[PDB]
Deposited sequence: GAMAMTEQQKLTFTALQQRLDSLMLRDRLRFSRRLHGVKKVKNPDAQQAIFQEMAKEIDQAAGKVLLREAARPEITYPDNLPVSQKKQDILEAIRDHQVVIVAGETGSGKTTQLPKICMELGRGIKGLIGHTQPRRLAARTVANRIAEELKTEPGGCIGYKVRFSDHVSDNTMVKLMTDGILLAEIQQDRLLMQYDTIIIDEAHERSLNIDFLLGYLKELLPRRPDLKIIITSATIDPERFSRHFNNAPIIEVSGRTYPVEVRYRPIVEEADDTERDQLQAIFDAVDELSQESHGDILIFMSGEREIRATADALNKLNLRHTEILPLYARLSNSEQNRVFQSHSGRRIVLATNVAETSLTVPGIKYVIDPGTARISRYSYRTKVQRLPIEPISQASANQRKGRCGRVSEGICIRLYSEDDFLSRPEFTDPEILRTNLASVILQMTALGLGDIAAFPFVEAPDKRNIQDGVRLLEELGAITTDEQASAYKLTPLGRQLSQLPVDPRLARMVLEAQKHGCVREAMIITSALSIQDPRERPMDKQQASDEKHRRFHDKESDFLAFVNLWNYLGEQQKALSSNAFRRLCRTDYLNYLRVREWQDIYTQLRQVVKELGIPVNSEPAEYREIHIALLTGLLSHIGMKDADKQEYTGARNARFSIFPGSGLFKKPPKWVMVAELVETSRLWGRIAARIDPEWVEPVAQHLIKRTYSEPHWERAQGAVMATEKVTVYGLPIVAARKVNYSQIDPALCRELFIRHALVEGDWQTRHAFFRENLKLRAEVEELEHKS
C-alpha cells in the first residue's frame, strides 16, 4: 500500500478522521525497515476501510428530501451553493428559506462527511425549526435532524443537520478551532448584527483559507445584505420573494394610562375581525402587568398568552398549538397571527460616549425593525399592523439599527473575544471594525479591573465578568460585593446605573419633584438614593395593586416603565449571579462594605479635594468638581468617588460618594506605585527607615508612612550607606 494511494483514499472519508490518519501516515516515513512499513500501511488501511464504511452508512441512511415561495429559487440556490463557497440568501417574513436550505444542502450531499451547522439567535428558534424540518422529512427525534441549545447536550451520531444558537458555535471554537464537526455552516438571522453574529462572520472569514471544503451560507431578512457579500470576496446573493399578502398600517399615537392605548387598540382590532393578535412588549415584568390587566378586563373567548425565552418546553410549544379560538400573545423582542400591536419601543444596548458607561435605554426602534414587526401579519388575508405612534415618528426614525459592535464598550468586546479565544481585536476581519482609538483604553480598564493577564488571556475574575450583563465597571462592583455581604445593594446600584435615572423632573413641577425625591437621599452618598428608593418601592409593591402602584409612579414623579426595567435588569443579573454561585445577603450592609465594592469599579474615578474647598484632582492629573445638586455639594469631603465623569463647561463628577483614603490601597495592589524618601538609621528599631508614599494614578492615598526600609529594599540601603 503506497503512501500516495492511502492519501488519495482520505478524500473519501470524514473530515476529522482525515487529519488524524494523514498525521500518522507521515509517522510511517520515520520508520526504517521497508517491509515493516508496508505492514503498518496495511493495518492502517483496515481502519480506513472502517471509517470509509461510516461514510457509506451515513450516505445510505440519508432521507429523501421533499419540498412543499422558496421552491422556485430551489434550483437557483442549489446551483449557486454548488459552485460557490460563500452564498447569501435573503428573504422576508415568510421564513420558508430557513427550513428549506438545510434540505437543499443535503440534496447536494453535504451532511454526510460533516454536519450541516445552522445558527439561530435564541434557543427557541433552534428547536422549532429543527422540529419543523424533522416533521417535513418524516424523521423522529434522534434522527438525521437534531439540535443543541446547551453546551452540555450532544447531537446524535445520525444527526446530519444541526441547529444551534449563535453562542453555541462560538463556544465550540476553542475545542475545534477549524470547526471540523461540520462541512456546511448556515448563519441565520444575520441582519440582527449582534456581537455573536458579528463574531461568527469574521471568524469564518479567517477560517475560509484553512477550509477549502467548507461551504458557508449566510441568511437573513432583506436588511440589505450586500455588506455580507462584500465581507467575503463578493459572494452571490439570492433574494426569495416573501409573497405575503399586503398589510394595513394604522398610526394611532398616544387617568392617562400607557396601557390604555393597548386596550383601545384591542377594541379597534376586534371590530374588524377576531383574528389572533400579537402584541410586542419590551421587558417581561411589563408583560405580566399587561397580561393581568387584559384578563381582569374579561373579554369573550379571550386567551392572554405571555411568551418568554425563560418558559418551559411545554409552555413555549403552546403558542404553536391549534387553539381553535382567539389568543393574545404578548411576546418580547424574540419575535397564525392576523393583527399586530406595536408601541415602537424596545431595550437596546448602547454605550454612552459622554458619561463613558454602557447602558440599556428604551429607544424608538428603527424603521427596519418596525417593518419586521409589521411583516408578522403575513396571511392569505390582508393583515393589520397598529403602530402606537405617529407617521412622522416612524419617518423620523433611522432606517436601520446600528450594529452591536458599534454600540458596545470595547472592554466588553475584548472580554468576550478573549473568553472565546478569538485573537487580537485589531487582527479580526470585522464586518464593522470598531474605533481603534478606544481599543487601548478598553484594555486599560480591563487591567484596571484585574480582568486580564498576559500569557492575551483573562483572569478567572474575567470569566465571571464575561457572564454578567452589566458594564465591566458595574460588573466588577458586583463581584467585589461577594466579599462584603452586599450583593443586594450592589445589584441595586449596578442596575440603577445601567438605565436612565427613573426619578423624573418636568418643567411644570420641579420644586415638588425635588421635594419627593429628597426623601431618599443619604448625607454621604449618591448611590444610597437608589437603595433607599428600591426598598421603598418594594414595600409599596407589596401593599398596593398593580393599578394603585402604577398610579403611584405618577404621584412620586417616577418613570413607571423604567421602574419595571430596573427590576428586569436586577433579575437578569441575579440570574447570572446565581449561575456563578454567588450568595446574596438579606440583612442591610454597612456604608463601608458597600462603597469598598463600588470602589473596585470606580478606581479611575477617585478624587482628592484641594484646600480650596472646591475642586478635585483625579486620575492622570484630571481636574473635576461634583455635579451641582449632588448630596455632597455643600459638604465636599476630602476624598470622593464618582460613578461617571462628563465635561460640559468643565469636567463634572456625577453620582458621588465619600470614601476613606485607607480603603483604596488594599484593593489597588495591581496599580499602586509606591515610592520612598528620607532614609536614615534609628537606634531602638535598629534599621534604615524611610517614609513611604503610595499613589493611585497619581493620587496620594498614602502620604507619610514610616517604613522599615531594610526589610523593603536592602540593596539600595547599603549603596546609600557608602554615601
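Which parts of the deposited sequence have no C-alpha atoms in the model? Since the structure holds only modelled residues, the stretches it omits are 1 to 10, 79 to 81, 268 to 274, 356 to 362, 483 to 487, 756 to 787.
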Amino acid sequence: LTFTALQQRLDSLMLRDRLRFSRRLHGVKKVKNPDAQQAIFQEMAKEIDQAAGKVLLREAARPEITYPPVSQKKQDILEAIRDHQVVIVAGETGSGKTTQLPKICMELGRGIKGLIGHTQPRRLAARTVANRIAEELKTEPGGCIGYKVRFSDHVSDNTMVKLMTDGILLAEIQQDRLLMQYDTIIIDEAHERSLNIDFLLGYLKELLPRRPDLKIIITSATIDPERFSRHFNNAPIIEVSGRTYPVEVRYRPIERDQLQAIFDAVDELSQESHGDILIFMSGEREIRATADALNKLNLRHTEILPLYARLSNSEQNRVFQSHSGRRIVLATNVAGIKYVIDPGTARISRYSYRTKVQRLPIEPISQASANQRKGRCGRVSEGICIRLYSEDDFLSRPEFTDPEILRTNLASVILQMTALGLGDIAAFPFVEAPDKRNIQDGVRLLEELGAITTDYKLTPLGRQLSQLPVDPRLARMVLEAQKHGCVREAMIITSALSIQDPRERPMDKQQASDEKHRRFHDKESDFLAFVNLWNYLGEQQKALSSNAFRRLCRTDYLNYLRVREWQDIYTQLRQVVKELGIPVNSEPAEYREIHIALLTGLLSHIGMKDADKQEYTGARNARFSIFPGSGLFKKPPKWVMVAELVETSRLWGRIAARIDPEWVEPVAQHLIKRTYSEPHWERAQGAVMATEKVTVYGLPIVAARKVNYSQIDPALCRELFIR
From here on, numbers count along this sequence of modelled residues.
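Per the PDB record, is the mean Cα temperature factor higher over 139 to 147 or over 599 to 607? Mean C-alpha B-factor is greater for 139 to 147.
Could you settle it for me: does 588 to 596 or 301 to 309 have the higher average Cα B factor in the PDB entry? Here the higher of the two C-alpha B-factor means belongs to 301 to 309.
Compare the CA B factors listed in the entry for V640, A346, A619, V334 and report the winner. Result of the comparison over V640, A346, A619, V334: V334.
Among the candidates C105, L169, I223, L552, give the one with the maximum CA B-factor reported in the record. In this record, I223 carries the highest C-alpha B-factor of the candidates.
Going by the entry, which third of its chain does the Cα temperature factor of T401 land in? Within its chain, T401 is a lowest-third residue by C-alpha B-factor, going by the deposited values.
Would you please rank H517 by its C-alpha temperature factor against the other modelled residues of its chain and give the third it falls in: lowest, middle or highest? Ranked within chain, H517 CA B lands in the middle tercile.
Taking the values exactly as deposited, rank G698 by C-alpha B-factor within its chain and report the matching third: lowest, middle or highest. Answer is lowest: the recorded C-alpha B-factor places it there.
C-alpha B factor of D183, ranked within the chain: lowest, middle or highest third? Answer is lowest: the recorded C-alpha B-factor places it there.
Name the third of the chain's ranked CA B-factors that contains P212, choosing lowest, middle or highest. Middle third.
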